[PDB]
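Here is run_6.cif, consisting of mmCIF, C-alpha atoms:
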data_input
loop_
_atom_site.group_PDB
_atom_site.id
_atom_site.type_symbol
_atom_site.label_atom_id
_atom_site.label_comp_id
_atom_site.auth_asym_id
_atom_site.auth_seq_id
_atom_site.Cartn_x
_atom_site.Cartn_y
_atom_site.Cartn_z
ATOM 1 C CA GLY A 1 94.487 48.442 11.786
ATOM 2 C CA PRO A 2 96.789 50.977 10.041
ATOM 3 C CA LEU A 3 95.927 54.678 10.175
ATOM 4 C CA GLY A 4 94.631 56.048 6.887
ATOM 5 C CA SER A 5 94.269 59.831 7.005
ATOM 6 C CA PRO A 6 96.028 61.045 10.210
ATOM 7 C CA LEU A 7 93.577 63.791 11.179
ATOM 8 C CA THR A 8 94.693 66.373 13.746
ATOM 9 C CA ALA A 9 91.248 67.430 14.903
ATOM 10 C CA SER A 10 89.967 63.950 15.745
ATOM 11 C CA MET A 11 93.479 63.032 16.895
ATOM 12 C CA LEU A 12 93.073 65.438 19.789
ATOM 13 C CA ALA A 13 89.690 64.045 20.826
ATOM 14 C CA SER A 14 91.308 60.637 20.302
ATOM 15 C CA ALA A 15 93.317 60.824 23.548
ATOM 16 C CA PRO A 16 92.409 60.934 27.291
ATOM 17 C CA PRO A 17 92.025 64.231 29.239
ATOM 18 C CA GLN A 18 95.637 65.314 29.917
ATOM 19 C CA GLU A 19 96.512 63.589 26.650
ATOM 20 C CA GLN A 20 95.099 66.600 24.805
ATOM 21 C CA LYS A 21 98.046 68.422 23.232
ATOM 22 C CA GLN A 22 100.218 65.487 24.317
ATOM 23 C CA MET A 23 100.576 63.696 20.996
ATOM 24 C CA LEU A 24 100.673 66.432 18.331
ATOM 25 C CA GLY A 25 102.565 68.796 20.673
ATOM 26 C CA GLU A 26 100.843 72.167 20.892
ATOM 27 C CA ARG A 27 99.860 73.122 17.338
ATOM 28 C CA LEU A 28 103.085 72.752 15.332
ATOM 29 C CA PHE A 29 102.686 69.104 14.302
ATOM 30 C CA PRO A 30 99.500 70.109 12.401
ATOM 31 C CA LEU A 31 101.327 73.027 10.766
ATOM 32 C CA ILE A 32 104.459 71.042 10.014
ATOM 33 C CA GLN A 33 102.309 68.108 8.901
ATOM 34 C CA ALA A 34 101.211 70.456 6.115
ATOM 35 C CA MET A 35 104.811 70.808 4.983
ATOM 36 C CA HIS A 36 106.551 67.700 6.352
ATOM 37 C CA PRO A 37 110.090 68.879 5.551
ATOM 38 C CA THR A 38 112.222 66.942 8.042
ATOM 39 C CA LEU A 39 109.783 65.395 10.511
ATOM 40 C CA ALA A 40 106.450 66.758 11.784
ATOM 41 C CA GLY A 41 106.618 64.924 15.103
ATOM 42 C CA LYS A 42 110.206 65.960 15.809
ATOM 43 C CA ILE A 43 109.904 69.430 14.242
ATOM 44 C CA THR A 44 107.231 70.182 16.813
ATOM 45 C CA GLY A 45 109.563 69.510 19.730
ATOM 46 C CA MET A 46 111.927 72.121 18.364
ATOM 47 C CA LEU A 47 109.418 74.880 17.580
ATOM 48 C CA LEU A 48 108.093 74.222 21.109
ATOM 49 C CA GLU A 49 110.502 76.983 22.212
ATOM 50 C CA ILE A 50 107.450 79.267 22.421
ATOM 51 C CA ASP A 51 104.269 79.417 24.554
ATOM 52 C CA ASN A 52 101.321 77.185 23.588
ATOM 53 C CA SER A 53 99.540 80.517 23.025
ATOM 54 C CA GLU A 54 101.910 81.683 20.282
ATOM 55 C CA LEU A 55 101.637 78.516 18.212
ATOM 56 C CA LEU A 56 97.862 78.911 18.292
ATOM 57 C CA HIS A 57 98.146 82.392 16.786
ATOM 58 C CA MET A 58 100.356 81.176 13.934
ATOM 59 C CA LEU A 59 98.102 78.196 13.232
ATOM 60 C CA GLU A 60 95.301 80.691 12.587
ATOM 61 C CA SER A 61 97.583 82.999 10.580
ATOM 62 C CA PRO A 62 99.792 81.742 7.684
ATOM 63 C CA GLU A 63 101.965 84.841 8.157
ATOM 64 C CA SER A 64 103.297 83.808 11.575
ATOM 65 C CA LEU A 65 102.586 80.193 10.784
ATOM 66 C CA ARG A 66 105.139 79.777 8.036
ATOM 67 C CA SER A 67 107.412 82.208 9.875
ATOM 68 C CA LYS A 68 108.063 79.712 12.672
ATOM 69 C CA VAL A 69 107.628 76.465 10.727
ATOM 70 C CA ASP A 70 109.791 77.682 7.841
ATOM 71 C CA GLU A 71 112.581 78.530 10.248
ATOM 72 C CA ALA A 72 112.195 75.048 11.721
ATOM 73 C CA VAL A 73 113.121 73.518 8.382
ATOM 74 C CA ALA A 74 116.335 75.551 8.295
ATOM 75 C CA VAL A 75 117.327 75.336 11.960
ATOM 76 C CA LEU A 76 116.280 71.760 12.647
ATOM 77 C CA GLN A 77 117.790 70.575 9.389
ATOM 78 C CA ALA A 78 121.022 72.076 10.729
ATOM 79 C CA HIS A 79 120.781 71.479 14.487
ATOM 80 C CA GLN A 80 118.355 68.546 14.409
ATOM 81 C CA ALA A 81 120.416 66.377 12.063
ATOM 82 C CA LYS A 82 121.906 62.883 11.997
ATOM 83 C CA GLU A 83 123.789 61.982 15.169
ATOM 84 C CA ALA A 84 127.339 61.592 13.864
ATOM 85 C CA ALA A 85 128.230 60.221 17.313
ATOM 86 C CA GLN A 86 128.847 56.776 15.807
ATOM 87 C CA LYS A 87 131.825 54.442 16.189
ATOM 88 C CA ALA A 88 135.175 55.138 14.532
ATOM 89 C CA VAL A 89 136.065 53.493 11.222
ATOM 90 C CA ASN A 90 139.448 52.537 12.698
ATOM 91 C CA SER A 91 138.076 49.822 14.982
ATOM 92 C CA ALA A 92 140.246 46.718 15.335
ATOM 93 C CA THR A 93 138.209 43.638 14.420
ATOM 94 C CA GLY A 94 140.828 40.953 13.869
ATOM 95 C CA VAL A 95 142.667 39.935 17.029
ATOM 96 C CA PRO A 96 146.375 39.130 16.398
ATOM 97 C CA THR A 97 146.400 35.779 18.197
ATOM 98 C CA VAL A 98 148.237 32.504 17.587
ATOM 99 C CA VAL B 1 125.289 83.780 7.040
ATOM 100 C CA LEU B 2 125.063 81.007 9.648
ATOM 101 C CA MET B 3 122.326 82.865 11.532
ATOM 102 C CA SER B 4 119.936 81.016 13.836
ATOM 103 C CA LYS B 5 116.240 80.714 13.022
ATOM 104 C CA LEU B 6 113.087 81.821 14.861
ATOM 105 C CA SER B 7 112.373 78.329 16.164
ATOM 106 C CA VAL B 8 115.694 76.926 17.362
ATOM 107 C CA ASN B 9 116.126 73.207 18.020
ATOM 108 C CA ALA B 10 114.449 73.452 21.448
ATOM 109 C CA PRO B 11 113.708 70.294 23.551
ATOM 110 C CA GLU B 12 111.201 67.630 22.476
ATOM 111 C CA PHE B 13 107.469 68.030 21.846
ATOM 112 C CA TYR B 14 105.317 67.545 24.939
ATOM 113 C CA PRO B 15 101.654 68.317 25.874
ATOM 114 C CA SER B 16 101.606 72.104 25.555
ATOM 115 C CA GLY B 17 98.091 72.482 26.874
ATOM 116 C CA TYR B 18 98.675 70.091 29.757
ATOM 117 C CA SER B 19 95.535 71.319 31.531
ATOM 118 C CA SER B 20 95.264 68.474 34.039
ATOM 119 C CA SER B 21 94.274 70.735 36.936
ATOM 120 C CA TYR B 22 91.204 69.421 38.757
#
Represent the structure contained in this file as structure tokens.
Amino acid sequence: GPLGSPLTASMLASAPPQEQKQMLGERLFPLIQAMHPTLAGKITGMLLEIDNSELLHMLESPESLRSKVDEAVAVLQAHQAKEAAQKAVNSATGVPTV
Amino acid sequence: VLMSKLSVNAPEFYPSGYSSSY
């Protein structure tokens, strides 16, 4: 039923051919998963500004790893925030009828 | 001080290694 320990290794081999790096993006979800500041799944989409080859390098090196992920937390928290595009508080509800 | 980061808020997260070439 429910997923216990969301593993990234087995997660990869847990999806069809082309569904390789489909789920956990390239390699950021695994890295962000480690931190989980804002949202691993969504954070990944943002860091995805680089080549799949760069994210691999960072994943094998904390130096570049945190470099990109860390930034994510700052940027995304700012850019990737709550969509304030909601309705106005001055919305007429009561219709002045007879 | 409102400087951008290394990993901006790029698009969504898709299959990076989409190696579906047969």
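In this model, the gap between CA of residue 11 (chain B) and CA of residue 62 (chain A) comes to 24.0 Å.
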Using only C-alpha atoms, determine which residues of chain A fall within 6 Å of chain B; present them as a PyMOL selection string. chain A and resi 18+21-22+25-26+44-47+49+52+68+71-72+75-76
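Taking all atoms listed in the file, the non-local environment of residue 40 (chain A) within 7 Å (same-chain residues fewer than 6 positions away omitted) comprises residues 29, 32 and 33 of chain A.
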Residue 35 (chain A): which residues within 12 Å, counting only C-alpha atoms, same-chain residues fewer than 3 positions away excluded, as a PyMOL selection string? chain A and resi 28-32+38-41+43+65-66+69-70+72-73
So how many Å separate CA of residue 81 (chain A) and CA of residue 64 (chain A), to one decimal? 24.4 Å
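Checking A:27, A:10, A:16, A:84 one by one against residue 53 (chain A), counting all atoms listed in the file, you find the shortest gap at A:27.
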CA of residue 17 (chain A) sits from CA of residue 36 (chain A) at a separation of 27.3 Å
